[PDB]
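Here is the structure we will look at.
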Amino acid sequence: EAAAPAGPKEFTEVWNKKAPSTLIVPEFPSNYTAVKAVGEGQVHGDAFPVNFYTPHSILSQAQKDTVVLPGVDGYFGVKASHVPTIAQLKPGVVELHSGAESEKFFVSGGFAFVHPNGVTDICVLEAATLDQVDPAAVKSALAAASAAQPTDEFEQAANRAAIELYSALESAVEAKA
Amino acid sequence: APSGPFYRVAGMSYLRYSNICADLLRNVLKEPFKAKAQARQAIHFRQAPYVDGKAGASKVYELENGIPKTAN
Amino acid sequence: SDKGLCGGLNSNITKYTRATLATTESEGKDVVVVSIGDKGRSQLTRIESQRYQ
């Protein structure tokens with residue numbers, strides 16, 4: 001079932017038999033991270049490491065004690081020793097709580113992994129905070145997105161993604177604390 | 001013909017889908033932060049197939065507003 | 001890269017390409033060679049052109 005014993009370590013001594021001997025081995029993306037999945041530990045009680053990422057930003061890499069994630073089944077929350085989870089997220093608000101303070105980022109969709117060591121790895125594309133969203137032009141395009149209904153199924157999918165994004169964005173600009 | 005989510009059955013990949021939801025979030029940002037999000041929205045590259053080894057046709061992308069919503 | 005006053009950067013990974021494209025070559029693997037950057041199509045064709053697309 002695993003007849004290809006791959007890995008960064010095994011690639012080294014095989015590459016020393018086909019390449020010229022003048023070149024050092026290429027690096028791998030495993031050599032640039034110490035935080036693994038099955039590496040046991042990484043919780044110490046109540047606050048767990050939350051690596052909330054972005055292609056253009058690292059929005060938080062310190063620890064929080066509960067993260068409210070907007071999954072496609074619905075909003076869920078992650079405690080310290082949560083079950084391992086690969087959660088696809090809807091457009092919704094990722095809420096980071098470490099205690100009494102709470103930051104709310106509205107994300108565009110993108111997965112969030114809970115690894116067996118308890119590290120949460122939220123991975124979205126556009127994660128704007130709710131301070132820099134406008135409540136005016138969202139319905140100006142949502143009422144436009146609730147109008148253009150073509151038979152083209154490619155644009156029908158993009159209009160469906162246009163509807164549910166502004167529908168969850170308006171629902172999370174009405175009920176703010 | 002595909003079996004999966006609503007973007008996948010409609011031929012669209014997840015990369016174009018999640019960038020569409022990233023494109024449409026940037027259109028409703030506040031203007032002190034909407035124009036700086038237009039920098040990370042622009043697509044400027046070009047591509048060319050190589051079927052024989054040296055010859056190929058061309059394709060040019062010069063978009064400044066995001067990934068195309070219509071079919072590629 | 002696109003511009004070429006880099007100093008052997010676009011050639012060092014060109015030799016590291018075929019060092020990788022011969023180690024993982026083990027059973028007759030179909031390979032599509034892709035170059036990002038205008039200095040890649042001028043140097044990968046010299047090394048491996050028939051599986052370049």
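So you can find residues: chains in the structure tokens are A, B, ... in the order shown, residues in each start at 1, and ligands are numbered from 1 in order.
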
*When you get a sec, could you note down which chain C residues fall within 6 Å of chain B, using only C-alpha atoms, as a ChimeraX atom specification?*
/C:49-50,53

_Contact set, chain A to chain C: 10 Å, only C-alpha atoms, as a count of residues only_ = 13

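Scanning chain B with DSSP on the backbone, the alpha helix (DSSP H) assignments fall on residues 6, 7, 8, 9, 14, 15, 16, 17, 18, 19, 20, 21, 22, 23, 24, 25, 26, 31, 32, 33 and 34 of chain B.
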
*Pull out every residue of chain A that has at least one atom within 6 Å of chain B, counting only C-alpha atoms, and report them as JSON, numbers by chain.*
{"A": [108, 126, 132, 133, 134, 138, 153, 154, 155, 157]}

Quick one: write out the picked residues with C-alpha atoms as a CSV table (one decimal), in the first residue's frame?
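again-v6.csv, freshly written:
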chain,number,residue,atom,x,y,z
A,108,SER,CA,-13.7,34.5,1.8
A,126,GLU,CA,-8.9,37.2,1.5
A,132,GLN,CA,-12.7,47.9,6.8
A,133,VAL,CA,-15.8,46.5,5.1
A,134,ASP,CA,-18.6,48.8,4.0
A,138,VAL,CA,-22.5,45.2,-0.3
A,153,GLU,CA,-23.6,27.2,-15.4
A,154,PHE,CA,-20.1,28.7,-15.0
A,155,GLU,CA,-21.5,32.2,-14.3
A,157,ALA,CA,-21.7,29.1,-10.0

*asked:* Just want the 8 Å neighbourhood of residue 66 of chain A, counted on only C-alpha atoms, with same-chain residues fewer than 4 positions away dropped. Output as a ChimeraX atom specification.
replied: /A:47,77-80,96-98

Pull N, CA and C atoms from the residues just selected and write them as a PDB file, in the first residue's frame.
ATOM      1  N   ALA A  47      -4.772  27.309  26.023  1.00  0.00           N
ATOM      2  CA  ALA A  47      -4.496  28.098  24.830  1.00  0.00           C
ATOM      3  C   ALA A  47      -3.620  27.299  23.877  1.00  0.00           C
ATOM      4  N   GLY A  77     -16.603  25.789  16.922  1.00  0.00           N
ATOM      5  CA  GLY A  77     -15.546  26.350  17.746  1.00  0.00           C
ATOM      6  C   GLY A  77     -14.521  25.291  18.078  1.00  0.00           C
ATOM      7  N   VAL A  78     -13.268  25.717  18.172  1.00  0.00           N
ATOM      8  CA  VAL A  78     -12.144  24.818  18.394  1.00  0.00           C
ATOM      9  C   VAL A  78     -11.593  25.088  19.785  1.00  0.00           C
ATOM     10  N   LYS A  79     -11.593  24.066  20.631  1.00  0.00           N
ATOM     11  CA  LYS A  79     -10.929  24.127  21.924  1.00  0.00           C
ATOM     12  C   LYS A  79      -9.519  23.563  21.793  1.00  0.00           C
ATOM     13  N   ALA A  80      -8.895  23.251  22.929  1.00  0.00           N
ATOM     14  CA  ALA A  80      -7.474  22.918  22.943  1.00  0.00           C
ATOM     15  C   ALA A  80      -7.202  21.565  22.298  1.00  0.00           C
ATOM     16  N   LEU A  96     -11.357  35.077  16.686  1.00  0.00           N
ATOM     17  CA  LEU A  96     -10.228  34.672  17.509  1.00  0.00           C
ATOM     18  C   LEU A  96     -10.446  35.212  18.916  1.00  0.00           C
ATOM     19  N   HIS A  97     -10.581  34.314  19.885  1.00  0.00           N
ATOM     20  CA  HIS A  97     -10.638  34.683  21.291  1.00  0.00           C
ATOM     21  C   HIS A  97      -9.435  34.084  21.999  1.00  0.00           C
ATOM     22  N   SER A  98      -8.735  34.902  22.781  1.00  0.00           N
ATOM     23  CA  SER A  98      -7.698  34.410  23.676  1.00  0.00           C
ATOM     24  C   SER A  98      -8.053  34.626  25.137  1.00  0.00           C
TER      25      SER A  98
END
